[PDB]
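The chain below stands alone and is given in structure tokens; this is the form deposited in one PDB entry.
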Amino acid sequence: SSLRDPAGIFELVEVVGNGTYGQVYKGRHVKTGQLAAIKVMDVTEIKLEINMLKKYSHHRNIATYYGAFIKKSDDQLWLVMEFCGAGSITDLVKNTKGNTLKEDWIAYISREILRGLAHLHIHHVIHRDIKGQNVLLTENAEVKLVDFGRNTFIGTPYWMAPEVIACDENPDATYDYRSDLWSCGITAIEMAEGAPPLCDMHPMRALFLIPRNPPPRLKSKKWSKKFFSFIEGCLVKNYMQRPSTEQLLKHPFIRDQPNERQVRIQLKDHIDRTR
């Protein structure tokens, strides 16, 4: 009924990813040595968010919520969740020769992202921040989503869907569940090319171009017809005709993965070789 102090339960080890998620630490469950990710927030409601993040995180493609703690003093709120030890998808692409993942790896990771999103969407939750950095890997090559729900900063715009960017005909910016599907397509281009489209643009210029530009496309013609079609589905310009999570899960690029077993093996081995 009342949040406990974390002393002797969880301890902070080091900042993750040294300065990319803000106040998120690699932590450890004191009594068992089990690792955990801990978001540290300064606080002056909480209990409801605890019970809410609890139920929707029980899915295999979402990092599991453990509990909430209050470090007394401004008081610190500690949000404890399952740690994913093999870094982010962005790290994976960065640590790969040529900053590009094989198409079957992209198909596997994209399906796991979509499965996580399908669980949140069915429960009327919008992730709002799908990107390579928020999709984490475990040592067993399990794919898990992270960072779903002060608010004074605007983050990176490269994964933002057109409807989420306010402009003359769209004065009130629309975060719709389909906005996460646009971000999944940008994440798939990020896996294929090493960076999102418009990465060569200043962030404010990219924010102006996203609602105006036609849908982004893969630079190379080497990819399969299925992959181009998957990107096209994610990146439907007008969210009103954009397919739902359930429709994208049935797209042949996602649905038809004959080398699935070997992909998980390749990913597990690649994690070891590039650690």
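Counting begins at 1, following the sequence as shown. Under this definition, the rigid core comprises the largest set of C-alpha atoms superposing within 1.5 Å between the forms.
Form deposited in another entry: not shown, discussed below.
- Relative to the superposed core, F253 undergoes a Cα shift smaller than 2 Å between the shown form and the other one.
- If you fit the rigid core between the shown form and the other one, you'll see the Cα of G67 move by 2 angstroms or more.
- Cα-Cα spacing of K39 to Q133 is reduced in that other deposited form versus the present form (difference of at least 3 Å).
- Look at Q133 and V16: in that other deposited form their Cα atoms come 3 Å or more closer than in this form.
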